[PDB]
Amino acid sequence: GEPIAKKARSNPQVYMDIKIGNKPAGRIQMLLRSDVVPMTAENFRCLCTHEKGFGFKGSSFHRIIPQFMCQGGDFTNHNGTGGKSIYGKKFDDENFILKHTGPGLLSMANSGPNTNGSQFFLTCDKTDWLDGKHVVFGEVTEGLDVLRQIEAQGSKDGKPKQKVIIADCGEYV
């Protein structure tokens, strides 16, 4: 009822422990922008904690293209075709407020408008041609170094050179 300008709502921090080949490679830490995209952020956060009975743990980065991005999140079919959200098989594009301004951003993979599930990518470049098409919803705050090691397993085509796996994942406090 009353005119206001609301405070930024609290932003969850999440993490992913990464395994390359079958060798711990370390932890990526991510800030999720609930302040801009709370529906998209809550999905990803749940999928990190496994609190709904399903999520990213044990899934892989199945498509890694260097100088571009690392894509992952298929925990249902484990072949790059699957995934689901906490809201259902797919959900809407919340908004496109955040842009693909540079490396180390989290954005949702999709197969057209309003087809988000669980599959996401981490940028390795300014991928601004994806602005308005993929919902950006977070950023890496630690372990850019670990993401580079994921990127170094990429091919031009996308097939990874070694298995890259989310061995464990979660939310900070």
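Sequential numbering from 1, following the sequence displayed.
Peer 1: Between 143-151 and 27-35, which has the larger average Cα B-factor in the PDB entry?
Peer 2: Between 27-35 and 143-151, it is 143-151 that shows the higher mean C-alpha B-factor.
Peer 1: Taking the mean of the C-alpha B-factors per stretch from the entry, tell me the winner out of 121-129 and 36-44.
Peer 2: It is 121-129.
Peer 1: When the deposited Cα B-factors of this chain's modelled residues are ordered and cut into thirds, is residue 66 in the lowest, the middle or the highest one?
Peer 2: Highest third, going by the recorded CA B-factors of the chain.
Peer 1: What third of its chain's C-alpha B-factors does residue 99 belong to: lowest, middle or highest?
Peer 2: Ranked within chain, residue 99 CA B lands in the middle tercile.
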